[PDB]
Amino acid sequence: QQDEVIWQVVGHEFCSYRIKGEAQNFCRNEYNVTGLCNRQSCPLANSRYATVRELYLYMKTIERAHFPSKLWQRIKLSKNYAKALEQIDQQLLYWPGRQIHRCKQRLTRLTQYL
Amino acid sequence: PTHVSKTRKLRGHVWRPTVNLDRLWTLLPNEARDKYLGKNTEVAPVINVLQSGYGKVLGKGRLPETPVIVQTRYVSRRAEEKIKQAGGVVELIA
Amino acid sequence: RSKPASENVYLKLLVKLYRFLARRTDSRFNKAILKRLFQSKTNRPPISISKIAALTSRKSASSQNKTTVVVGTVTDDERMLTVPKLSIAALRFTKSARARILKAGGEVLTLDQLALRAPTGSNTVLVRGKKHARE
Amino acid sequence: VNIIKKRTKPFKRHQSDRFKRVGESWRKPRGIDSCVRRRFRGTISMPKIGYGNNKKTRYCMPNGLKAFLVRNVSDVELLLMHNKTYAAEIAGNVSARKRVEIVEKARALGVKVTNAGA
Amino acid sequence: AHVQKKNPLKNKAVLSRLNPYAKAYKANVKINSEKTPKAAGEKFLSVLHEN
Amino acid sequence: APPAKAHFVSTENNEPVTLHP
Amino acid sequence: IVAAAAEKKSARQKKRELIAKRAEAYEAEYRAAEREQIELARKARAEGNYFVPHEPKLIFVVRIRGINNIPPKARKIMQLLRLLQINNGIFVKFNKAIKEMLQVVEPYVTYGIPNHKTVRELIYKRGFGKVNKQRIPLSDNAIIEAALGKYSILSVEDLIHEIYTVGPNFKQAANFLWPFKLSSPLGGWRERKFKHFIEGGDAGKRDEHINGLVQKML
RNA sequence: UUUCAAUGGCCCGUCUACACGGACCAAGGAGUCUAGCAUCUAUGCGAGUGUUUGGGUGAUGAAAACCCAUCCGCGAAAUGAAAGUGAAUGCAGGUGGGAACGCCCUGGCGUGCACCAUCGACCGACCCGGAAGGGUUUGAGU
RNA sequence: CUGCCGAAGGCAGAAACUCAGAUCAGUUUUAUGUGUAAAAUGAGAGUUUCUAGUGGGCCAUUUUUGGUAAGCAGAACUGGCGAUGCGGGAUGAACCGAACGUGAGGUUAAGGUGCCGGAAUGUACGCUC
RNA sequence: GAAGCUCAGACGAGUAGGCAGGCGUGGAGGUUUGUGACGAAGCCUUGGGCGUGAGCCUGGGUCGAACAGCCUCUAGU
């Protein structure tokens, strides 16, 4: 239905990306920005977000969210760690700036992996 | 569910139904209310409380001034002239 | 008490909304709604559409366009044969009451639409259904 | 910040050092007049809520990283954004092939492993 | 705010904050200078050194 | 009742008398 | 923004010399009060007459017995006085009604008239205000002005004056003040702690000797 | 981890100090299911509510699920020993408090839920009268 | 397993709503004779409703009568015990302190400072073989 | 993880009794591209780690074919 009802059914407990333990839970979502359970970070439970994986970047928007096949758009970066920082932050300036730092840091850790 | 009981934490601790005239118009279907209530017709609607499962009609409520015929076995004392002052007549069914 | 006993997701959302409204406004009405949202069904009796119509058109009346608010169920009363132009915002409407309201008269609203129209409670009569009625 | 443990000796059940039918796991004494329950002198201490450790350091290993159980490479990848606060611990039933595959994945992740050399 | 209670009586800065008068207090003042007037009634001396 | 105020106790009229138990 | 900051700083400054002038006035009043008592005694001695000082309106009460084996009457009285522990101290408006009340808890408390240093020492070091039913230390004059601003008390010196001189708002000033939680006296008590102070013990009235105890308490 | 040194430490359970059980170990071992009733909570519907006594469909396992139908159960009306009778006068009655709201210009003003104090009428059973009218009797009544 | 509340010799808790009060107090003053009435101090005070366990006894206290070689017996109140660990009295169900989360530092209570035993074979004045 | 974050103060015996949150066992539905003959479960251990605790993970040895986390359900727990 909506973002919040999806959260309260999915985000809180029921999700194929939840890993609960002694006192903590983590996120396996290929769409999440922080790896943690939050309203700010769950793209299933909220509108358009962006995320990076190994580097290809997922992006979303609302008007075609009813079509899963073309819902997630992918842009590919294979130039430089520093360069990738400019494309990531440039394409998130006009987008909610809360998770720019988390996305940038994911770029840095994952380039360190490479 | 046994798991949420108290012992799982005590472990280690040792024949005549009646209707009032306020509900008489409820017995008639929605169509009858729409096509007889609130207007002036030479033919008057008839209410058969017997077919609805009521033996006696009692006298709690008011009525709209629309005349109506009430078919019943027993009728209440001043509920009769409640119909008559409303313009209807109680025709007793056997 | 600080949370409802129900697991209903939509009741939780309404609790979430009016928790913010109560704590960020000066509306004692909002505090009352939050308290009545936490009350249980035995403390949330249903109010009849006949009672709502009587209360609006009571004595001096002055019902006008004042929105009627009850934290509960607006049950229908078949005993009256006409329904006035009414506007009631409530937790839940029975299908009979909702149809009778909409077909002949005004409108029904959820507590969401109440927060959209009169978030502070201005021009809202806060009715409650009859308690006891023990059987 | 450093790590402080309020207590290191674990609480043994009373008389577990006298009987073998009595396990070492803690059981709260129930007798009304028992010395342990009435807390006399020179008696083994009872688990109290006051014995808990600092929240900022609770569950943390001596090196400060909380141990996170890992069975496959996916679980290794989940510690990518938490390598500074969590350490992957290999499940005891993971075979040798997945163990070497996982341990090099963690070494490439820069994630500490508490049972790597096994 | 106020993570630690500082005693004004041992910390000069805190005393300065709470009491904007300690800058000019002048505790030790000269009242006696030298001209002291010995004053005790002879009746008082007699009743004191009585019995 | 408030505490007794400071006042005067003239003794020239009644000089103190020595009392012994 | 600059105008508001300047307006804030100015009014806060004007409050500061106001506090300074009040504190200077109270200090001068204390010295003039002690000078007049000395002059009154000296002239009486010179004339052969006698002079009776004012009996002080302020009393400091310290509870010296634990919460065990206390009769319910004494328990209720000390509950009224807010002496719920040992070593707890309170300022009380000594009057006719307080005297007989203290005559019952005499074996359990010791009281005497505090001097200026004692009342100043206690409030600065052990002074904790009761704000929103919470125990908040008097670390700044903002707490005092926001909690007792309706009785013209704006600083610690103002509170000390209202307590030491027993002002019109003494009840409000004392009730704002959490009971003093004093330590065990350095050097200790006497040989027996639960006799009367007059009998070589420690309980009961001790007049001007409460200051010596309080110095050890602090 | 073992051990030593100093300090402390009476053998656990049961029963009103005693007494009764206890050589040791492993496994088993004691508030369960069900019928009714009551409080509370939650869910669905709401002057209604309840499919599974029954019938139809169910092919992929068919003891499930889904659908359909009249009785009938409880409730919608109470009182009387019983025949029986069998409820808004007066916005479905008023007064005061009363949540919330509105109006100004803290307070006042309205405004009044629920509920509580009052309060009149009505339904009856009781009495008088021959339906009207009169009681200051009554019912977990409108 | 842990945490919180916690008795009883009509209670403790839960829910439903009053008034920001002069509304109560194991209390003391004032007035009238332990009763009543109308200043101090403390506290947010409350009302209807239902629902677990208990209704025992030991010890001492002050008020009396019956008493005797001699104790003793019967009342009322008060507390402690009982649900209570800790310091001291050599040790102890009722004696003196003190009401208990895990620790660091300081200071004491009761009792102590010849040795066992942490602490003055300290100071001062007398008594005693 | 609005079921969250944050600041402050007070408090801490506990039987009868009341309330709340968790650990562990057998089986069922969902999920984990879940673990496993390159060794599952079990067992032993003067190894290591976590939790106040119920308990949990892990190194070494033995061993041979199944087993577990998460959310619900259930009980001869």
# chains A, B, ... in the order shown; residues from 1 in each chain; ligands from 1

call {"tool": "residues_around", "arguments": {"residues": "residue J:3", "least_positions_apart": "3", "cutoff": "12 Å", "atoms": "only C-alpha atoms (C1' of nucleotides)", "output": "short mmCIF file (atom, residue, chain, number, x, y, z; two decimals) with N, CA and C atoms, in the first residue's frame"}}
result
data_model
loop_
_atom_site.label_atom_id
_atom_site.label_comp_id
_atom_site.auth_asym_id
_atom_site.auth_seq_id
_atom_site.Cartn_x
_atom_site.Cartn_y
_atom_site.Cartn_z
N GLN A 8 5.83 -1.29 8.68
CA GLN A 8 5.36 -1.94 9.90
C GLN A 8 5.09 -3.43 9.70
N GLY A 11 9.51 -3.84 7.55
CA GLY A 11 10.76 -3.30 8.07
C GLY A 11 11.07 -3.73 9.49
N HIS A 12 10.06 -3.79 10.35
CA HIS A 12 10.30 -4.04 11.76
C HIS A 12 10.81 -5.46 11.98
N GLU A 13 10.05 -6.46 11.54
CA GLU A 13 10.40 -7.85 11.79
C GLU A 13 10.57 -8.68 10.52
N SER C 2 1.33 4.07 27.93
CA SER C 2 1.98 4.81 26.85
C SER C 2 1.84 4.13 25.50
N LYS C 3 1.06 3.05 25.40
CA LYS C 3 0.89 2.33 24.14
C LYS C 3 -0.41 1.55 24.20
N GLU C 7 -2.53 -4.91 18.57
CA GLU C 7 -1.44 -5.07 17.61
C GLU C 7 -1.78 -4.47 16.26
N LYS C 12 -1.79 1.73 15.51
CA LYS C 12 -0.47 2.22 15.88
C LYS C 12 -0.13 3.50 15.13
N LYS C 16 0.63 7.02 16.70
CA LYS C 16 1.84 7.76 16.35
C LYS C 16 1.51 9.20 15.97
#

call {"tool": "interface_residues", "arguments": {"of": "chain C", "to": "chain B", "cutoff": "10 Å", "atoms": "only C-alpha atoms", "output": "count of residues only"}}
result
4

call {"tool": "closest_residue", "arguments": {"among": "C:40, C:23, C:33, C:130", "to": "residue C:6", "atoms": "only C-alpha atoms"}}
result
C:40

call {"tool": "residues_around", "arguments": {"residues": "residue C:44", "least_positions_apart": "3", "cutoff": "10 Å", "atoms": "only C-alpha atoms (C1' of nucleotides)", "output": "number ranges by chain"}}
result
C: 36-41, 47, 70-73, 128-131

call {"tool": "residues_around", "arguments": {"residues": "stretch 39-44 of chain E", "least_positions_apart": "4", "cutoff": "6 Å", "atoms": "only C-alpha atoms (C1' of nucleotides)", "output": "list in words"}}
result
residues 48 of chain E; 45, 46, 47 and 48 of chain G

call {"tool": "interface_residues", "arguments": {"of": "chain H", "to": "chain D", "cutoff": "8 Å", "atoms": "only C-alpha atoms (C1' of nucleotides)", "output": "VMD selection string"}}
result
chain H and resid 8 to 9 13 25
